[PDB]
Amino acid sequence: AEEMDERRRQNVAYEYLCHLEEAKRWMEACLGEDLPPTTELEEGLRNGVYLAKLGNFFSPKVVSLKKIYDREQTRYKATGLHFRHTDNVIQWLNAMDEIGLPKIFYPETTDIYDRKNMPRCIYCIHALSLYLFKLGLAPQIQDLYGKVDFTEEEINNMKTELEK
């Protein structure tokens, strides 16, 4: 009975990993390049490069690839996050505003850059996917709730990450 609030927690972690995995595959399907491992996707979206590319994918008229800061992430891999990376997240936000995705789904720059609330970012990706799909601008995102598994260590890691 007391272990219920300890197993339900395991479930949340698992479900979030599935949603992450789904976001990862869909972005890859759209971008045509590999994204970091599902287990490291959150940290891998922080510099906003992938998001800005996603923006270019559906709203090219608003997000030019040549104007993305550290497009190859060489700077990021080398020194880490830089204040200028924030512009990338903003380009993505502008991309979504251009195509009509309702703002209630938008995360704040800090939510992704300072990783204050990455889940909010994932949820937005998912909503953007549903919106893009209905406009016939991107493939449908997958649903992997039960077809995908993760090691006990990964669920455990995600669990503690979703708490403290």
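Residue numbers here begin at 1 and follow the sequence given.
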As stated in the PDB record, which stretch has the larger average Cα B-factor, 116 to 124 or 132 to 140? 132 to 140
Can you let me know which of the two, 1 to 9 or 154 to 162, has the higher average C-alpha B-factor in the entry? 1 to 9
If I read the C-alpha B-factors straight from the PDB entry, which of 43, 70, 28, 111 is highest? 28
Residue of maximum C-alpha B factor among 107, 100, 48, 37, per deposited coordinates: 37
With respect to C-alpha B-factor, does residue 147 fall in the lowest, middle or highest third of the chain as deposited? highest
Just say lowest, middle or highest third for the CA B-factor of residue 93 relative to the other modelled residues in its chain. middle
